[PDB]
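Take a look at the structure below.
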Number of protein chains: 4
Amino acid sequence: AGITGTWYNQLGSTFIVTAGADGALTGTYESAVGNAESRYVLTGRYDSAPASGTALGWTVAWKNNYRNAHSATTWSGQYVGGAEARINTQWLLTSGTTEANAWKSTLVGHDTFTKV
Amino acid sequence: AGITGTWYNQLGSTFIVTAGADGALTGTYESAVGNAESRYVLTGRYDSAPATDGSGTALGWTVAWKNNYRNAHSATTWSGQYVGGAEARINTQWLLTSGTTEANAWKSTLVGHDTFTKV
Amino acid sequence: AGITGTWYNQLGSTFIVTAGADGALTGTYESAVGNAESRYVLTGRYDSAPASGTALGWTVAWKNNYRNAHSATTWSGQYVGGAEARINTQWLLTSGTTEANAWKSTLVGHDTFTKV
Amino acid sequence: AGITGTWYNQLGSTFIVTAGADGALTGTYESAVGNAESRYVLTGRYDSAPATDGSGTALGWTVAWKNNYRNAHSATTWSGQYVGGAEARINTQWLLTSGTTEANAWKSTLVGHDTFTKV
Ligand SMILES: O=C(O)c1ccccc1/N=N/c1ccc(O)cc1
Ligand SMILES: O=C(O)c1ccccc1/N=N/c1ccc(O)cc1
Ligand SMILES: O=C(O)c1ccccc1/N=N/c1ccc(O)cc1
Ligand SMILES: O=C(O)c1ccccc1/N=N/c1ccc(O)cc1
């Protein structure tokens with residue numbers, strides 16, 4: 001509804017998503033940073049009967065037919081409607097590692113998405 | 001195969017998942033704590049072609065806390081890695097965000113960690 | 001040096017700090033949000049021989065002579081100098097809880113500080 | 001008294017601290033992993049008058065990874081709570097931020113969790 005569309009973040013990445021009546025999120029993600037190229041599949045869920053913003057989250061595993069970074073990012077946040085819609089999030093990016101390096105496997109950040 | 005199955009965290013929550021050959025995660029989650037009752041749908045992704053150096057397999061999934069019985073107006077995302085072996089595990093870090101007004105946006109997200117096992 | 005001074009964040013809070021030659025950080029914090037009133041003591045450390053931004057962190061326990069919220073926040077980030085100095089951070093706020101509620105003890109966020 | 005002492009995390013790092021009556025934490029930290037060698041100074045704060053309902057005691061501390069021997073140009077902050085008893089513990093979540101250029105600021109901070117015990 002308000003969620004379905006094309007969005008961009010401060011890094012220049014692109015998120016295209018469709019919100020299903022059943023609370024599913026499906027689309028593709030195109031990243032401006034890291035070891036990535038071309039599009040990647042995304043899947044997520046959202047509150048389909050919100051009351052405040054609308055809670056949602058989605059994941060991307062950084063593997064496609066061209067590259068594999070052996071990592072995955074999860075974005076957790078809320079959708080805020082109005083004139084200028086926005087998705088405020090915090091993310092976790094975890095890399096596959098050996099046991100010895102597991103302590104440094106996860107990065108944390110925050111991204112804000114603007115609807116086109 | 002490795003990931004596909006029924007898992008449990010430290011709180012006693014149950015995670016039932018199927019890992020597709022293609023990278024998809026699909027299943028149901030039942031929580032032991034919080035404003036929840038019954039099963040909830042989950043969706044996620046994982047690295048279907050991990051490295052061959054003994055590294056873990058990266059993955060992540062989301063659950064929106066709404067079902068036929070209740071709605072907490074929130075969602076959690078888990079990000080981590082699957083570590084195979086005799087006693088397999090999924091080590092994660094999670095973020096739970098609630099829908100809030102602007103005045104409360106500063107305290108909308110909780111952070112934690114969960115360890116899943118087959119027992 | 002560049003760090004010593006008065007700073008403000010997006011919430012309207014105030015951070016007054018002095019950076020010691022030995023890498024110590026000392027000052028007071030005045031919060032615009034939560035269960036807080038008047039000033040609170042802060043203590044931290046910073047890289048006294050940086051190369052990029054300057055790594056630093058500080059803590060505040062939300063107890064003073066007037067109120068006690070039974071909680072503490074830790075800010076971890078980097079100092080970026082220039083015309084307009086800034087401290088970019090991510091924080092963790094943990095509340096004292098019973099065993100049963102420990103899973104919901106910690107909040108995570110991000111704050112940007114501007115130097116006055 | 002409860003907090004004051006020598007503690008160890010899961011990685012084998014050593015945390016030696018003194019808790020002042022007033023809310024101060026002061027001590028030294030020795031890391032088992034990462035770009036570190038020897039002891040590092042730490043500083044923090046804690047709730048000197050916790051609640052009487054069986055709740056934990058909130059606390060936090062920072063370490064900047066620079067000493068007489070090396071400098072990693074980074075700092076970690078731990079935030080958590082002390083839980084007294086026969087087998088006392090300090091449960092935490094931590095953030096490690098490295099000094100980076102603007103181009104790398106997106107990947108400057110790592111997140112994790114540590115459990116400290118007296119053994
Ligand atoms: O692009 C973002 O918006 C983005 C935002 C948050 C976290 C990660 C991100 N991207 N992370 C990668 C990682 C490995 C790659 O191979 C490609 C992208
Ligand atoms: O249940 C876990 O395993 C679980 C694990 C990690 C983070 C959160 C959790 N659960 N958080 C809730 C929130 C709202 C509810 O209505 C039910 C559960
Ligand atoms: O004010 C900030 O900048 C601030 C920024 C991040 C996290 C917490 C903050 N403040 N958190 C409190 C908590 C309890 C209180 O009693 C008073 C303030
Ligand atoms: O040592 C721990 O217990 C530890 C625990 C939690 C997070 C980080 C840790 N250590 N991170 C480093 C980083 C740079 C160094 O030079 C040495 C250690």
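Throughout, a chain's letter reflects where its sequence line sits, starting with A, and its residues are numbered from 1. Counting starts at 1 for both ligands and their atoms, in listed order. Only this structure's heavy atoms are used, side chains among them; waters, hydrogens and symmetry mates stay out.
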Taking the inter-plane angle between the rings of B/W94 and C/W103 on a 0 to 90° scale, is it parallel (under 30°), tilted (30 to 60°) or perpendicular (over 60°)?
-> tilted
Relative to each other, are the rings of D/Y29 and D/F15 parallel, tilted or perpendicular (30° and 60° limits)?
-> tilted
Counting heavy atoms only, which of C/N35, C/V33, C/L11, C/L92 comes nearest to atom 16 (O) of ligand 3?
-> C/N35
Check each atom of ligand 1 against the heavy atoms of A/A69 and keep those under 4.0 Å away; list them by number with element.
-> 16 (O)
Number the atoms of ligand 1 from 1 as they appear, then name those within less than 4.0 Å of a heavy atom of A/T73, with their elements.
-> 7 (C), 8 (C)
Any donor-acceptor pair under 3.5 Å from [X] side chain to [Y] backbone:
X     : Y      : answer
A/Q90 : C/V108 : yes
D/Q10 : D/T115 : yes
A/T59 : B/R45  : no

D/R39 atom CZ, neighbour heavy-atom count above 12 within 6.0 Å | no
Atom CD of D/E87: over 12 foreign heavy atoms under 6.0 Å | no
Geometric N/O contact D/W94 with ligand 4, under 3.5 angstrom = no
Any idea which protein heavy atom is nearest [atom], and the distance to it?
atom                    : answer
atom 10 (N) of ligand 4 : D/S31 OG, 3.5 Å
atom 12 (C) of ligand 3 : C/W62 CE2, 3.5 Å
atom 2 (C) of ligand 3  : C/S13 OG, 3.4 Å
atom 3 (O) of ligand 3  : C/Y29 OH, 2.7 Å
atom 17 (C) of ligand 4 : D/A36 CB, 2.9 Å

Touching ligand 3 at all, C/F15? Heavy atoms, strictly under 4.0 Å?
-> no
Close-contact set for ligand 4 against [X] heavy atoms, below 4.0 Å:
X      : answer
A/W103 : 8 (C), 11 (N)
D/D114 : 5 (C), 6 (C)
D/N9   : 2 (C), 3 (O), 5 (C)

Taking the six-membered ring where the residue is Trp, are the ring centres of B/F116 and B/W61 under 6.0 Å apart?
-> yes
What closest approach, in Å, do C/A72 and D/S79 show between heavy atoms, and which atom pair accounts for it?
-> O-OG, 3.9 Å
